[PDB]
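Quick setup: one chain, the form deposited in one PDB entry, written in structure tokens, and binding and motion questions come after.
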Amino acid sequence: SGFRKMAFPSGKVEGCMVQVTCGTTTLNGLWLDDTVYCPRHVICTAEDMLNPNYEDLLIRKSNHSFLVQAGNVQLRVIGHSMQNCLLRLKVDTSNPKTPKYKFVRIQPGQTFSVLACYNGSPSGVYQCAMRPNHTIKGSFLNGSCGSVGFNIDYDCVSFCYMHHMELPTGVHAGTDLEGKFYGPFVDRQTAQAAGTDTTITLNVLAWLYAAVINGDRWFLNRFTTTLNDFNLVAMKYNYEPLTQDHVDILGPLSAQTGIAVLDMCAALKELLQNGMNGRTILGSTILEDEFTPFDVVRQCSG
């Protein structure tokens, strides 16, 4: 076998994408039941973007100012409201393709699939992790805004993200499906910045455990370490320091495999300090930090 990073099948989400247009702006929307969710900035221009009063802009519009196209077929908007940074459009027809779904808020380090869209049309899917600074590095070839992140739990779709903008650093920021941003970011074209781009230490560890599980074990060692010393080294290399909850989360993977979390931490410490000297783990020539402890526990071994 071996290891490949995978996104969840996008079919159930593809049937919920639509196009939303206001004036000259066209972007992607999420049609569930009789509602279409999209970033509220679709009602802006670029002039407005500089310091917008959304309550003011919103009231200047009717149901008719909104054009939502599900393919080459038009949907009629019969109402609207704003819920934090999303526009919540009521339409005259419930989406026959609505999957069983939930709205969940995720946290940094957690993973999900993203169906990148194109002014209403799905064109690609990828798997990513919300970075420690609450951003997403899915560097969209910068085409269409308002794409969606999700997970699939059995037959149920968990939507957790909706794309909103590009930060002046080239990385992305967005919202949960309640319209609340991830990160200390806002709905405006004021230059603001993401925190330090760091590596998700917890995911790299999960990944090293997966390497052990699939027989890769050359980086291991006889040393152990303390959480503090491990953390001191971690930070020097731009890795997130590991909190006590994070090591609990690795218990299950520690119990199976029989390698104690601090033992694995000692293995990582040595990789950081000595590089990999041209060498691979589960294939990559670099450490992977977009597979969670649960992802490894899913795919490899119940």
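Note that the rigid core is defined as the largest set of C-alphas that superpose within 1.5 Å between two forms. One-based numbering along the sequence shown.
- On average the C-alpha atoms of 68-76 have higher B-factors than those of the other stretch, with 68-76 and 110-118 being the two compared.
- Looking at 127-135 and 180-188 together, the entry lists the larger mean B-factor for 180-188, computed on C-alpha atoms.
- The entry lists C-alpha B-factors for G149, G195, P168, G174, and the highest of these is at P168.
- Note on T35, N28, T243, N51: the highest value goes to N51, judged by CA B factor as recorded.
- Sorting the modelled residues of the chain by their CA temperature factor places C85 in the lowest third.
- Sort the modelled residues of the chain by CA B factor and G251 lands in the middle third.
- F140: CA B factor lies in the highest third for its chain, per the PDB record.
- Among all modelled residues in this chain, the alpha-carbon of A267 has a temperature factor (C-alpha) in the lowest third.
- Among all modelled residues in its chain, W218 ranks in the middle third by Cα B-factor.
Omitted here: the form solved in complex with a partner chain. The next part is about that form.
- Only one segment in the set 201-209, 217-225, 181-189, 83-91 has residues whose heavy atoms sit within 4.5 Å of the partner chain in the bound PDB entry; it is 181-189.
- For the candidate set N95, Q110, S144, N151, a heavy atom within 4.5 Å of the partner chain in the bound PDB entry is found for exactly one residue, namely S144.
- In the bound PDB entry, the partner chain sits within 4.5 Å of a heavy atom belonging to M165.
- With a 4.5 Å cutoff on heavy atoms, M49 counts as touching the partner chain in the bound PDB entry.
- At a distance threshold of 4.5 angstroms between non-hydrogen atoms, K269 is out of contact with the partner chain in the bound PDB entry.
- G143 shows a C-alpha shift of 2 Å or greater between this form and the one not shown [criterion: core-superposed Cα displacement of 2 Å].
- The pair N203 and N142 is at least 3 angstroms farther apart at the CA level in the bound PDB entry than in the present model.
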